[PDB]
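Form deposited in one PDB entry, single chain, as structure tokens, below.
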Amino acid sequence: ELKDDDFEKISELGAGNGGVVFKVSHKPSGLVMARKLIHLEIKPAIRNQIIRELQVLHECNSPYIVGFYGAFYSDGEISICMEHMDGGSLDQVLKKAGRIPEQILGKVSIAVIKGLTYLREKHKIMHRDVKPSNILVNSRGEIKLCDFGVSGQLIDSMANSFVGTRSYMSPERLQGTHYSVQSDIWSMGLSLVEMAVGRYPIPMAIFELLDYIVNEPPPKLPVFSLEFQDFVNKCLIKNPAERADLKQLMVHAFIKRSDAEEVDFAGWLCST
């Protein structure tokens, strides 16, 4: 029940490849929500299938997944209306914070591996694009995941995804088609490491960045705590089967001392 005209544009939270979200007002309910607009050059049939498989998001309910209000089509634009996250993305936070704690990243990590196990064990789907620009947090202290693959057809229309300048892509997934869930870990790994070093931990046009990632060894860290090495790295193992699976890390030592401890996060964000 969300039509294009019951929407009033306020600003522009951000953009990217094919997408571009805005902060908008749903005129008829007064609610403030983020309106993603993917474009994609697709036909009516495939499109309707994308708009259809996107309804699954009404059953994607968890403190770790961004809230979703509706999805629909309008002028070559697939709209995905999700909750507004005033606190932006752990990417934006970065750009304005040089680097992030650990007592904190241990919290941003519980978010992620609890939101991944959710998507994997209640919707049988892997994220497939977990990274900072896709990890959002709110002023209320919450941390949630967004932009995950929920529409198989949307994942097929996004085939030309090896563009950009960075790449949270695991090695086995850059080599060919031998990959799945374990790939999300290398992603989260290459994230935690970047949210501890204020810059893409790797080490050059993308064709060369890719080749490098599969050839030489995975990043580590510069200076940094305990487990945040025996975790950031149990995440960067280039062999997918030797890397740690969610089950494991959900009991790993770094995680051990964290949901146990009591960091605020809220205030840190609110004042960072």
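The first residue of the shown sequence is 1; numbering continues from there. Throughout, rigid core stands for the largest set of C-alpha atoms superposing within 1.5 Å between the two forms.
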Please say, as none, 1 to 3, 4 to 9, or 10 or more, how many residues of the deposited sequence are without coordinates in the interval between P203 and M204. 10 or more
Deposited residues absent from the coordinates between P222 and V223, none, 1 to 3, 4 to 9, or 10 or more? 1 to 3
Which is higher on average in the deposited entry, the C-alpha temperature factors of 29-37 or of 229-237? 229-237
Of 211-219 and 39-47, which one has the bigger average CA B-factor? 211-219
Highest CA B factor of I104, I80, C146, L154, as deposited, is found at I104
For the CA B factor values reported in this entry, which option in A159, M195, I185, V150 has the top one? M195
In terms of the CA temperature factor given in the entry, to which third of its chain does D86 belong: lowest, middle or highest? middle
Considering every modelled residue of the chain and its Cα B-factor in the PDB entry, is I135 in the lowest, middle or highest third? middle
Assigned third (lowest, middle, highest) for the C-alpha B factor of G141: highest
Taking the values exactly as deposited, rank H178 by C-alpha B-factor within its chain and report the matching third: lowest, middle or highest. lowest
By the recorded C-alpha temperature factor, relative to the other modelled residues in its chain, which third is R199 in? highest
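Keep in mind that the form deposited in another entry is missing from the display, and what follows is about it.
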Please check if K43 moves between the shown form and the other one, taking a CA shift of 2 Å or more relative to the superposed core as movement. yes
Can a Cα shift of no less than 2 Å be assigned to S170 between the shown form and the other one, given superposition on the rigid core? yes
Rigid core superposed, CA of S180 - does it shift 2 Å or more between the shown form and the other one? yes
Taking the shown form as reference, are the C-alpha positions of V163 and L116 brought closer or pushed farther apart in that other deposited form, with a change of 3 Å or more? farther
Having a change of 3 Å or more in the C-alpha distance between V20 and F148, I'd like to know whether it is closer or farther in that other deposited form than in the form here. closer
